[PDB]
There are 4 protein chains.
Amino acid sequence: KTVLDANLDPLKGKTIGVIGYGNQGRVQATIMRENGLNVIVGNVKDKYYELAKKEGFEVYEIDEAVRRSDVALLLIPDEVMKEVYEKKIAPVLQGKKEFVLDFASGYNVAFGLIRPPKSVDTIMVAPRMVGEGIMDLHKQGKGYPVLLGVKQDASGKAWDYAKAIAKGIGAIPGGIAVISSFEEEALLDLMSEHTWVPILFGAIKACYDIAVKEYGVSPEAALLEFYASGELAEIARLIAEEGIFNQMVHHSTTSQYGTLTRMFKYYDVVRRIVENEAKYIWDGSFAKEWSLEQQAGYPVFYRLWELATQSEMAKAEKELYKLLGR
Amino acid sequence: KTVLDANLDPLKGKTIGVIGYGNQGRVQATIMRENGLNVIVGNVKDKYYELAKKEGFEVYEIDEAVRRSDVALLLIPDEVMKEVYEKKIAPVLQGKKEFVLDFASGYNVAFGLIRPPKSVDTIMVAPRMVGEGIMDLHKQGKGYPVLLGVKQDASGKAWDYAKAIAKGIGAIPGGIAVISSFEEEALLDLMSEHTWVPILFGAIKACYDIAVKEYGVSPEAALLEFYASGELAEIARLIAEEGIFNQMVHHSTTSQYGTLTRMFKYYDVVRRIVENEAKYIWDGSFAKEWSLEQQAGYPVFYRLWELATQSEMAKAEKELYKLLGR
Amino acid sequence: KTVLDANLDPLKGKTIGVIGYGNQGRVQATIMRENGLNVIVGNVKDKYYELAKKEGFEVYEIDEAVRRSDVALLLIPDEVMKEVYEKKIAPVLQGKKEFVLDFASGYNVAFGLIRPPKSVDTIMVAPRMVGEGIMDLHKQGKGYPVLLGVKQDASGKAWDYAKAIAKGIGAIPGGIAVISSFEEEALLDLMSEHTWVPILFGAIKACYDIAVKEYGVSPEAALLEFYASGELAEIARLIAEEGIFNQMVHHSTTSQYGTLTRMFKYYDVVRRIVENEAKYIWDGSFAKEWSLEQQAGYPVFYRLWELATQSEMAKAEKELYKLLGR
Amino acid sequence: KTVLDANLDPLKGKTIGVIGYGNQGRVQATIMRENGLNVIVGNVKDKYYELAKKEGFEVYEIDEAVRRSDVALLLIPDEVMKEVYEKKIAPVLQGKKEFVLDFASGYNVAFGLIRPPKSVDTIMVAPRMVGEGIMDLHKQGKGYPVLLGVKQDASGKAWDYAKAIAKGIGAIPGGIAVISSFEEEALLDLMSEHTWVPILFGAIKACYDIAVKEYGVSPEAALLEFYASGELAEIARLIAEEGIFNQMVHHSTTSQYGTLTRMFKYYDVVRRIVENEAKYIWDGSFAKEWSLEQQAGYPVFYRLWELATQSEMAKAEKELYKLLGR
Ligand SMILES: [Mg+2]
Ligand SMILES: [Mg+2]
Ligand SMILES: [Mg+2]
Ligand SMILES: [Mg+2]
Ligand SMILES: [Mg+2]
Ligand SMILES: [Mg+2]
Ligand SMILES: [Mg+2]
Ligand SMILES: [Mg+2]
């Protein structure tokens, strides 16, 4: 139920606009120039203004490139986007007869922090890669999977454009493209950062605090078996090629037994962590308190860095990295 | 312990100001002109500026009409009021020797979002009607009940003015006027919207989700017995004339039994919903998080509309209304 | 999955019987006479015997009209029906070769208090209206939705008759007709009276008892904001035309926020009230204790009227209605 | 707030009717004859018909004496009363222009098992005595306290009659008369039999079952210290003259200490027994299941006699009473 190839002639001929030359602009713009598209980099004058000029692009101010644009691509970070949509693009969108605007981030649109007008058809292309492996896969030849999705279709030409950009940026063919929504992309981007990542760090921290403080393990020997040596980077490489359970036939017989007997044991415990976290994002509740942490000036984001950089596990790895040569 | 008639000569002679020509300005201003009062409509130039000019009123800017005013009436909505009191009226209140200012909304004043000075005696007139039945009752002859209330009396002439406006707008005689506070009007306006309205919609939604998903009722037949036919509008008309329990002698004998045996049964369950909701508003807690939802940009107000307009009950009534001719 | 028109010739030609000239007999009989049907009113000699004679009908005793009937319609109340089916119709149903009998009330049949024989095909027509709006909609031209349903089909001609009466009484065309069962009509008639009606009265009663007894609101001011003024009749009229949530765009922004944040909050609390009430009726448990309250002589129905007519909220609205002129 | 004397001329001159010559008819009728009142005993022909004839009264059938009556007194038991009101008095009450009817039992009227018409003014006189001490106090000279109470006053002459009968039966002067309701007399008659009487028997039974079955007391020695000797009849005589706590100064110092330290200790435990029993009667719930026990044929009243007459405490006192000579 995915799409694999399409027509490039919808976005061809016209001049696509690119906003920001950041971590996607150094990546996605050069591929779109290679497919025969007039791309114009929008960026206010900073350090990133230079590299866009240095690598052969015509570059202008942010609100001026969307004037000369026909297809808009908005590749800027998520926490600065709401005020630059409102102070730069919001005065000029009232002159567009037909317009398409493209976000790589469902967080600002799905929770209604950015509401585009009727005439501006908003869509989404969300790359599933590091970003630092795109140009390698652009060099090698294959693609990379992306999520597509429409929010407002006031012309009927949404999927004429929604697949043509995924053809344009070199995602397909070679990779796939999954039709989805704006709301599902915002959920999977956030629930992966709220359910299985902070559980994982809190479990590696809790295995340090149990073994050192009770069982008398040396503080240098605990880190070498938890993350300071590479088993985490070894338990992660095999999932990308063989599967999640299918890499476990490269282990000892004992290691598969104690894993499988506990993975089905603690599943009901960790389901209630996840299912309470998913409704928390689905209500728009998390988008509110991340919007209030920015207005308060990050007092809770600041203290939790000092409680995490002065942890005993975070102190112990500091001297250990001045011992491995790192 | 209510008041029924008073003297009009306190607000007579001077020129009363009217701020905003909205849902009260199209209503309350024409009645005050009929009682022999110099009323002057304050409204910034918009669509509502036209109808105030179109129906024979002298109209000016918002902060300019309170200059020429002697008695101020502030009939503008509640969420825009704090910044237009602070940017338009707050520069000019420092020129008033004697002044009375009148709010139809206790929410902005009782929680201290609007603090008027000493010399400006603030009072309240709160109409108890639809608003769309005023001019009918103005046509017929009777009145409509209102809530009165003083907050700051720095002259002694508060109830000389607090009853004269209720005499002026045609509330009394014909209706009554209840002396109250600013804090009690803010409580009854909000606890009716927080206790028995969202319980009622959540109970009609829960009867759909029980009958369809379990007992195999047709999705078109469930709505015709819950709200799509008129029993709710039939169970509501008889309370306005006969009483809350006194309309139940127009029902079957079985319908009174199953109601009364359950109304006294679930009373202790729904008391704890109400009594926890009333202290939540009495602490000023709700006024805080409604003030933070506006600054965050309504992310939780936005998501809960999409969860309520994509409900299965809200989808099922859409096709049903393209079936009754509605 | 509803039916909109059918054939009238099944019930045409023969003489349909009508039992009782009550709240449906003054309504449903005159429409059936207008469609070219020989209707004969059955009623024992009382006050309702007169108006059936007064408005041009041939009228007889109850058990005698079903002798001359070919199609039976039984429009009598629910609490008297079991003994008049058993003492008047039960001697004479043993002479019918072919017969159809029609109840407007699923409560007596679905719980097995009335068990008709094999040869008597029992069906249901259940009007979804006030009853006092039928003749207006008969005057205007449109119809009104009804529930259909068969219980015993011992001829194959059930839906030949089950739609012909809905065509006969003027329900369709103009309204719809939903095919259902006897058991589903008894459930939706009773669970609306047991779940969201007695919760609603118990919540308006609990908002009086919280505001007056604790927060010091005046007892005359509490009723004017809960039901004595018309917002309940204003919050009910807009649901009949626009929808349940679609009428909330006629409100203030604050009123939609505090409603939607609490309607999704108390939904899990009020689901357990409903889902325990629906299995209580589905077991036939409620039909038992309403049958025992009648045999005990209503001692619990009597006391709960005195506890509800001597409530402080029910006392306070009495003097208030001698103050509005009501 | 009690009444002590009144006028006898309201019930004087006319002929008062007396229904039943039972435990009150052998008592209350002879006193009313002594005050100069035409009393006529109504009783169907049984054993009690004889003693009413034997002691000089004119006696008739039950429904015939209320024909010749002007003031009705209904001194018959409570479980037979509903069907003899309905089959004997209910045909003849439709001939009375003015009538007063008097019950000595609030249980049948307060729960609505007997509903008299408009023209029949129903009142209550409830004697507070054994019944077997009336004629002694009639011999000695003093009176006995009674409860008065009106239910329906459709003439204004209720308390003209409600005190004249208490003057007539020799209650006042010498005793008092307390104005009350029908509902309060039914509550105090039943909650004394449901709260402190069955707790008391269940506590004397539980002290037998603890001492014999565990602590090895002889089964003949346990009864002599609980009820078979007279301390219960000794702890009861002193309350009637001195008070409930004021009789405790006739005891040992130790007996007052262990009583008072435990009476305030178990008060919160036995309050929840009482307060759940009082709402059970106030809802009319007990009147329902006593009405259903009669229709079922007393299966639960029958088994609980056999479980109480075959108790080990009830067996042990049988041989003990063939040992004291009782
Ligand atoms: Mg991600
Ligand atoms: Mg290993
Ligand atoms: Mg309101
Ligand atoms: Mg009904
Ligand atoms: Mg109904
Ligand atoms: Mg409102
Ligand atoms: Mg007693
Ligand atoms: Mg002693």
# chains A, B, ... in the order shown; residues from 1 in each chain; ligands from 1

$ residues_near_ligand --ligand "ligand 4" --cutoff "12 Å" --atoms "only C-alpha atoms and all ligand atoms" --output "MDAnalysis selection string"
(chainID B and resid 225 231 234:235 248:259) or (chainID C and resid 23 77:79 104:107 126:131 185:194 197)

$ select_by_dssp --residues "range 44-115 of chain A" --states "strand (DSSP E)" --output "PDB file with N, CA, C and O atoms, in the first residue's frame"
ATOM      1  N   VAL A  59      20.874  32.847  -3.549  1.00  0.00           N
ATOM      2  CA  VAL A  59      20.362  32.887  -2.190  1.00  0.00           C
ATOM      3  C   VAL A  59      19.828  34.283  -1.902  1.00  0.00           C
ATOM      4  O   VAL A  59      20.328  35.281  -2.422  1.00  0.00           O
ATOM      5  N   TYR A  60      18.743  34.337  -1.132  1.00  0.00           N
ATOM      6  CA  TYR A  60      18.093  35.587  -0.788  1.00  0.00           C
ATOM      7  C   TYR A  60      17.652  35.531   0.665  1.00  0.00           C
ATOM      8  O   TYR A  60      17.963  34.590   1.399  1.00  0.00           O
ATOM      9  N   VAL A  71       6.709  26.472  -5.541  1.00  0.00           N
ATOM     10  CA  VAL A  71       6.582  25.374  -4.594  1.00  0.00           C
ATOM     11  C   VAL A  71       7.481  25.697  -3.416  1.00  0.00           C
ATOM     12  O   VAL A  71       8.667  25.992  -3.601  1.00  0.00           O
ATOM     13  N   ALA A  72       6.928  25.664  -2.214  1.00  0.00           N
ATOM     14  CA  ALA A  72       7.670  26.049  -1.029  1.00  0.00           C
ATOM     15  C   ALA A  72       8.122  24.818  -0.259  1.00  0.00           C
ATOM     16  O   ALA A  72       7.341  23.892  -0.041  1.00  0.00           O
ATOM     17  N   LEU A  73       9.392  24.816   0.144  1.00  0.00           N
ATOM     18  CA  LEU A  73       9.948  23.795   1.024  1.00  0.00           C
ATOM     19  C   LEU A  73      10.539  24.494   2.236  1.00  0.00           C
ATOM     20  O   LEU A  73      11.355  25.405   2.089  1.00  0.00           O
ATOM     21  N   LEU A  74      10.141  24.059   3.422  1.00  0.00           N
ATOM     22  CA  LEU A  74      10.423  24.778   4.656  1.00  0.00           C
ATOM     23  C   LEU A  74      11.271  23.883   5.556  1.00  0.00           C
ATOM     24  O   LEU A  74      10.762  23.197   6.441  1.00  0.00           O
ATOM     25  N   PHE A  99      -0.655  27.810  -4.525  1.00  0.00           N
ATOM     26  CA  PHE A  99       0.567  27.651  -3.749  1.00  0.00           C
ATOM     27  C   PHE A  99       0.541  26.313  -3.037  1.00  0.00           C
ATOM     28  O   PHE A  99      -0.508  25.866  -2.571  1.00  0.00           O
ATOM     29  N   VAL A 100       1.712  25.687  -2.946  1.00  0.00           N
ATOM     30  CA  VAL A 100       1.898  24.496  -2.128  1.00  0.00           C
ATOM     31  C   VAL A 100       3.063  24.745  -1.186  1.00  0.00           C
ATOM     32  O   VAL A 100       4.087  25.313  -1.584  1.00  0.00           O
ATOM     33  N   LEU A 101       2.888  24.365   0.069  1.00  0.00           N
ATOM     34  CA  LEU A 101       3.881  24.578   1.107  1.00  0.00           C
ATOM     35  C   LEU A 101       4.168  23.240   1.764  1.00  0.00           C
ATOM     36  O   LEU A 101       3.250  22.457   2.008  1.00  0.00           O
ATOM     37  N   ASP A 102       5.441  22.960   2.027  1.00  0.00           N
ATOM     38  CA  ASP A 102       5.852  21.619   2.402  1.00  0.00           C
ATOM     39  C   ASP A 102       6.686  21.655   3.667  1.00  0.00           C
ATOM     40  O   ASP A 102       7.742  22.291   3.697  1.00  0.00           O
ATOM     41  N   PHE A 103       6.232  20.937   4.684  1.00  0.00           N
ATOM     42  CA  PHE A 103       6.922  20.845   5.957  1.00  0.00           C
ATOM     43  C   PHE A 103       7.544  19.467   6.097  1.00  0.00           C
ATOM     44  O   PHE A 103       6.940  18.468   5.708  1.00  0.00           O
TER      45      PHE A 103
END

$ atom_distance --atom1 "CA of residue 52 in chain D" --atom2 "CA of residue 40 in chain D"
9.8 Å

$ interface_residues --of "chain D" --to "chain C" --cutoff "8 Å" --atoms "only C-alpha atoms" --output "list in words"
residues 111, 112, 113, 282, 283, 284, 285, 287, 288, 291 and 292 of chain D

$ write_last_selection --atoms "N, CA and C atoms" --output "mmCIF file, in the first residue's frame"
data_model
loop_
_atom_site.group_PDB
_atom_site.id
_atom_site.type_symbol
_atom_site.label_atom_id
_atom_site.label_comp_id
_atom_site.auth_asym_id
_atom_site.auth_seq_id
_atom_site.Cartn_x
_atom_site.Cartn_y
_atom_site.Cartn_z
ATOM 1 N N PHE D 111 -46.494 5.317 53.994
ATOM 2 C CA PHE D 111 -45.940 4.719 52.797
ATOM 3 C C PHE D 111 -46.964 4.577 51.689
ATOM 4 N N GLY D 112 -48.144 5.159 51.854
ATOM 5 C CA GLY D 112 -49.085 5.230 50.762
ATOM 6 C C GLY D 112 -49.796 3.945 50.437
ATOM 7 N N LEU D 113 -49.855 3.001 51.367
ATOM 8 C CA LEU D 113 -50.646 1.805 51.129
ATOM 9 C C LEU D 113 -52.128 2.052 51.340
ATOM 10 N N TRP D 282 -36.667 5.334 55.382
ATOM 11 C CA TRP D 282 -37.090 6.628 54.871
ATOM 12 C C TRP D 282 -37.324 6.621 53.375
ATOM 13 N N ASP D 283 -36.743 5.671 52.653
ATOM 14 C CA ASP D 283 -36.967 5.534 51.225
ATOM 15 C C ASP D 283 -38.224 4.752 50.910
ATOM 16 N N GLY D 284 -38.919 4.244 51.920
ATOM 17 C CA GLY D 284 -39.985 3.306 51.659
ATOM 18 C C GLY D 284 -39.514 1.948 51.204
ATOM 19 N N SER D 285 -38.237 1.622 51.407
ATOM 20 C CA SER D 285 -37.723 0.355 50.913
ATOM 21 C C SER D 285 -38.204 -0.803 51.757
ATOM 22 N N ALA D 287 -41.010 -1.026 53.487
ATOM 23 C CA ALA D 287 -42.428 -1.256 53.251
ATOM 24 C C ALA D 287 -42.663 -2.089 52.006
ATOM 25 N N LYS D 288 -41.723 -2.058 51.063
ATOM 26 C CA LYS D 288 -41.851 -2.884 49.875
ATOM 27 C C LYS D 288 -41.581 -4.345 50.185
ATOM 28 N N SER D 291 -44.071 -6.061 52.110
ATOM 29 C CA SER D 291 -45.255 -6.336 51.313
ATOM 30 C C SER D 291 -45.046 -7.519 50.391
ATOM 31 N N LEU D 292 -43.798 -7.826 50.057
ATOM 32 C CA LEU D 292 -43.497 -8.970 49.209
ATOM 33 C C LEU D 292 -43.310 -10.249 49.999
#

$ atom_distance --atom1 "CA of residue 271 in chain A" --atom2 "CA of residue 205 in chain B"
27.2 Å

$ residues_around --residues "residue 42 in chain B" --least-positions-apart "6" --cutoff "12 Å" --atoms "only C-alpha atoms" --output "PyMOL selection string"
chain B and resi 16-22+25+29+48-50+52-53+57-69+72-76+88-89

$ write_last_selection --atoms "C-alpha atoms" --output "mmCIF file, in the first residue's frame"
data_model
loop_
_atom_site.group_PDB
_atom_site.id
_atom_site.type_symbol
_atom_site.label_atom_id
_atom_site.label_comp_id
_atom_site.auth_asym_id
_atom_site.auth_seq_id
_atom_site.Cartn_x
_atom_site.Cartn_y
_atom_site.Cartn_z
ATOM 1 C CA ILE B 16 -23.720 56.867 28.884
ATOM 2 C CA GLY B 17 -20.993 55.190 26.823
ATOM 3 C CA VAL B 18 -21.357 51.830 25.080
ATOM 4 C CA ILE B 19 -18.267 49.837 24.113
ATOM 5 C CA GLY B 20 -18.756 47.288 21.354
ATOM 6 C CA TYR B 21 -21.801 46.659 19.180
ATOM 7 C CA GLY B 22 -21.711 42.892 19.350
ATOM 8 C CA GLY B 25 -24.707 46.060 21.483
ATOM 9 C CA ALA B 29 -28.207 49.860 23.087
ATOM 10 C CA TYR B 48 -19.944 45.785 13.465
ATOM 11 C CA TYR B 49 -19.070 49.447 12.929
ATOM 12 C CA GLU B 50 -21.516 49.476 10.027
ATOM 13 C CA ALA B 52 -24.160 50.606 14.625
ATOM 14 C CA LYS B 53 -24.021 53.393 12.057
ATOM 15 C CA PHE B 57 -26.230 55.815 16.386
ATOM 16 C CA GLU B 58 -23.311 58.195 16.687
ATOM 17 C CA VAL B 59 -20.218 56.011 16.703
ATOM 18 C CA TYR B 60 -16.538 56.601 17.423
ATOM 19 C CA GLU B 61 -13.341 54.753 18.249
ATOM 20 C CA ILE B 62 -13.170 52.593 21.362
ATOM 21 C CA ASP B 63 -10.868 54.717 23.520
ATOM 22 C CA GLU B 64 -12.503 57.942 22.326
ATOM 23 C CA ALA B 65 -16.062 57.138 23.389
ATOM 24 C CA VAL B 66 -14.995 56.634 27.001
ATOM 25 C CA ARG B 67 -13.602 60.168 26.877
ATOM 26 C CA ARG B 68 -17.041 61.584 26.073
ATOM 27 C CA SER B 69 -18.722 59.072 28.400
ATOM 28 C CA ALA B 72 -19.312 53.297 30.879
ATOM 29 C CA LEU B 73 -20.811 50.054 29.570
ATOM 30 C CA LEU B 74 -18.337 47.468 28.315
ATOM 31 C CA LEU B 75 -20.181 44.941 26.141
ATOM 32 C CA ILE B 76 -17.292 43.178 24.416
ATOM 33 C CA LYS B 88 -7.341 51.773 25.294
ATOM 34 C CA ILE B 89 -9.077 52.501 28.598
#

$ residues_around --residues "residue 175 in chain A" --least-positions-apart "6" --cutoff "7 Å" --atoms "only C-alpha atoms" --output "JSON, numbers by chain"
{"A": [142, 143, 144, 145]}

$ decode --residues "range 179-283 of chain A" --atoms "C-alpha atoms" --output "PDB file, in the first residue's frame"
ATOM      1  CA  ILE A 179       1.081   7.548   2.503  1.00  0.00           C
ATOM      2  CA  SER A 180       0.202   8.774   5.988  1.00  0.00           C
ATOM      3  CA  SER A 181      -1.199  11.832   7.748  1.00  0.00           C
ATOM      4  CA  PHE A 182       0.264  14.817   9.516  1.00  0.00           C
ATOM      5  CA  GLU A 183      -0.979  13.481  12.842  1.00  0.00           C
ATOM      6  CA  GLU A 184       0.680  10.081  12.533  1.00  0.00           C
ATOM      7  CA  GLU A 185       4.078  11.533  11.697  1.00  0.00           C
ATOM      8  CA  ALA A 186       3.966  13.778  14.746  1.00  0.00           C
ATOM      9  CA  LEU A 187       3.041  10.800  16.915  1.00  0.00           C
ATOM     10  CA  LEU A 188       5.779   8.424  15.783  1.00  0.00           C
ATOM     11  CA  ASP A 189       8.442  11.119  15.964  1.00  0.00           C
ATOM     12  CA  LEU A 190       7.501  11.910  19.561  1.00  0.00           C
ATOM     13  CA  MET A 191       6.495   8.561  21.031  1.00  0.00           C
ATOM     14  CA  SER A 192       9.826   7.048  20.043  1.00  0.00           C
ATOM     15  CA  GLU A 193      11.514   9.800  22.050  1.00  0.00           C
ATOM     16  CA  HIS A 194       9.118   9.449  24.975  1.00  0.00           C
ATOM     17  CA  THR A 195       8.655   5.703  25.416  1.00  0.00           C
ATOM     18  CA  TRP A 196      11.611   3.531  24.494  1.00  0.00           C
ATOM     19  CA  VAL A 197      14.505   5.995  24.511  1.00  0.00           C
ATOM     20  CA  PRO A 198      14.095   7.428  28.073  1.00  0.00           C
ATOM     21  CA  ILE A 199      13.228   3.997  29.425  1.00  0.00           C
ATOM     22  CA  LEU A 200      16.478   2.710  27.936  1.00  0.00           C
ATOM     23  CA  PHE A 201      18.689   5.390  29.470  1.00  0.00           C
ATOM     24  CA  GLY A 202      16.858   5.060  32.772  1.00  0.00           C
ATOM     25  CA  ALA A 203      17.473   1.317  32.740  1.00  0.00           C
ATOM     26  CA  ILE A 204      21.200   1.622  32.031  1.00  0.00           C
ATOM     27  CA  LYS A 205      21.382   4.237  34.782  1.00  0.00           C
ATOM     28  CA  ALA A 206      19.477   1.959  37.166  1.00  0.00           C
ATOM     29  CA  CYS A 207      21.795  -0.974  36.467  1.00  0.00           C
ATOM     30  CA  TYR A 208      24.726   1.211  37.446  1.00  0.00           C
ATOM     31  CA  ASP A 209      23.039   2.361  40.641  1.00  0.00           C
ATOM     32  CA  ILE A 210      22.139  -1.183  41.658  1.00  0.00           C
ATOM     33  CA  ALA A 211      25.458  -2.879  40.920  1.00  0.00           C
ATOM     34  CA  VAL A 212      27.785  -0.239  42.362  1.00  0.00           C
ATOM     35  CA  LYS A 213      25.798   0.846  45.406  1.00  0.00           C
ATOM     36  CA  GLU A 214      24.824  -2.663  46.525  1.00  0.00           C
ATOM     37  CA  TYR A 215      26.750  -5.537  44.966  1.00  0.00           C
ATOM     38  CA  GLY A 216      30.194  -3.976  45.210  1.00  0.00           C
ATOM     39  CA  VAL A 217      31.118  -3.961  41.549  1.00  0.00           C
ATOM     40  CA  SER A 218      33.959  -1.632  40.652  1.00  0.00           C
ATOM     41  CA  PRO A 219      32.737   1.628  39.062  1.00  0.00           C
ATOM     42  CA  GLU A 220      35.117   1.132  36.141  1.00  0.00           C
ATOM     43  CA  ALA A 221      33.969  -2.441  35.532  1.00  0.00           C
ATOM     44  CA  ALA A 222      30.265  -1.600  35.450  1.00  0.00           C
ATOM     45  CA  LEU A 223      30.562   0.825  32.548  1.00  0.00           C
ATOM     46  CA  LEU A 224      32.625  -1.551  30.415  1.00  0.00           C
ATOM     47  CA  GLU A 225      29.771  -4.069  30.445  1.00  0.00           C
ATOM     48  CA  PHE A 226      26.913  -1.603  29.992  1.00  0.00           C
ATOM     49  CA  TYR A 227      27.915   0.906  27.327  1.00  0.00           C
ATOM     50  CA  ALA A 228      31.619   1.852  27.367  1.00  0.00           C
ATOM     51  CA  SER A 229      32.509  -1.165  25.259  1.00  0.00           C
ATOM     52  CA  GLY A 230      30.548  -1.775  22.089  1.00  0.00           C
ATOM     53  CA  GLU A 231      27.751  -4.302  22.564  1.00  0.00           C
ATOM     54  CA  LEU A 232      24.980  -1.656  22.262  1.00  0.00           C
ATOM     55  CA  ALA A 233      26.465  -0.662  18.888  1.00  0.00           C
ATOM     56  CA  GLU A 234      26.799  -4.401  18.193  1.00  0.00           C
ATOM     57  CA  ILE A 235      23.208  -5.236  19.260  1.00  0.00           C
ATOM     58  CA  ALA A 236      22.054  -2.370  16.998  1.00  0.00           C
ATOM     59  CA  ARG A 237      23.846  -3.109  13.731  1.00  0.00           C
ATOM     60  CA  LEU A 238      22.303  -6.544  13.278  1.00  0.00           C
ATOM     61  CA  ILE A 239      18.719  -5.289  13.603  1.00  0.00           C
ATOM     62  CA  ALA A 240      19.113  -3.096  10.526  1.00  0.00           C
ATOM     63  CA  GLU A 241      19.798  -6.093   8.278  1.00  0.00           C
ATOM     64  CA  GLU A 242      18.273  -9.264   9.758  1.00  0.00           C
ATOM     65  CA  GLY A 243      15.406  -8.170  11.992  1.00  0.00           C
ATOM     66  CA  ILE A 244      14.689  -7.649  15.671  1.00  0.00           C
ATOM     67  CA  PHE A 245      14.385 -11.285  16.781  1.00  0.00           C
ATOM     68  CA  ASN A 246      16.209 -12.816  13.818  1.00  0.00           C
ATOM     69  CA  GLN A 247      19.553 -11.437  15.001  1.00  0.00           C
ATOM     70  CA  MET A 248      19.256 -13.439  18.228  1.00  0.00           C
ATOM     71  CA  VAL A 249      20.438 -16.616  16.466  1.00  0.00           C
ATOM     72  CA  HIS A 250      23.889 -15.032  16.507  1.00  0.00           C
ATOM     73  CA  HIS A 251      23.980 -15.262  20.300  1.00  0.00           C
ATOM     74  CA  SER A 252      24.556 -17.927  22.918  1.00  0.00           C
ATOM     75  CA  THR A 253      21.746 -20.250  23.928  1.00  0.00           C
ATOM     76  CA  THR A 254      21.638 -18.791  27.435  1.00  0.00           C
ATOM     77  CA  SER A 255      21.369 -15.230  26.139  1.00  0.00           C
ATOM     78  CA  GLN A 256      18.264 -16.053  24.130  1.00  0.00           C
ATOM     79  CA  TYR A 257      16.591 -17.788  27.063  1.00  0.00           C
ATOM     80  CA  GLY A 258      16.962 -15.030  29.637  1.00  0.00           C
ATOM     81  CA  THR A 259      15.939 -12.437  27.079  1.00  0.00           C
ATOM     82  CA  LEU A 260      12.815 -14.186  25.815  1.00  0.00           C
ATOM     83  CA  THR A 261      11.606 -15.215  29.262  1.00  0.00           C
ATOM     84  CA  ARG A 262      11.819 -11.602  30.417  1.00  0.00           C
ATOM     85  CA  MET A 263      10.671  -9.865  27.240  1.00  0.00           C
ATOM     86  CA  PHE A 264       7.309 -11.592  27.540  1.00  0.00           C
ATOM     87  CA  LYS A 265       7.342 -11.084  31.307  1.00  0.00           C
ATOM     88  CA  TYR A 266       7.808  -7.314  31.490  1.00  0.00           C
ATOM     89  CA  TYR A 267       5.649  -6.644  28.438  1.00  0.00           C
ATOM     90  CA  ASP A 268       2.527  -5.902  30.460  1.00  0.00           C
ATOM     91  CA  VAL A 269       4.522  -3.605  32.728  1.00  0.00           C
ATOM     92  CA  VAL A 270       5.939  -1.551  29.855  1.00  0.00           C
ATOM     93  CA  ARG A 271       2.666  -1.477  27.945  1.00  0.00           C
ATOM     94  CA  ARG A 272       1.117   0.786  30.559  1.00  0.00           C
ATOM     95  CA  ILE A 273       4.062   3.158  30.264  1.00  0.00           C
ATOM     96  CA  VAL A 274       3.567   3.399  26.507  1.00  0.00           C
ATOM     97  CA  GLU A 275      -0.231   3.548  26.401  1.00  0.00           C
ATOM     98  CA  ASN A 276      -0.293   6.384  28.929  1.00  0.00           C
ATOM     99  CA  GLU A 277       2.370   8.204  26.944  1.00  0.00           C
ATOM    100  CA  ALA A 278       0.571   7.909  23.628  1.00  0.00           C
ATOM    101  CA  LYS A 279      -2.669   9.471  24.841  1.00  0.00           C
ATOM    102  CA  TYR A 280      -0.612  12.258  26.385  1.00  0.00           C
ATOM    103  CA  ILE A 281       0.655  13.278  22.960  1.00  0.00           C
ATOM    104  CA  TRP A 282      -2.618  12.531  21.168  1.00  0.00           C
ATOM    105  CA  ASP A 283      -4.469  15.088  23.298  1.00  0.00           C
TER     106      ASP A 283
END
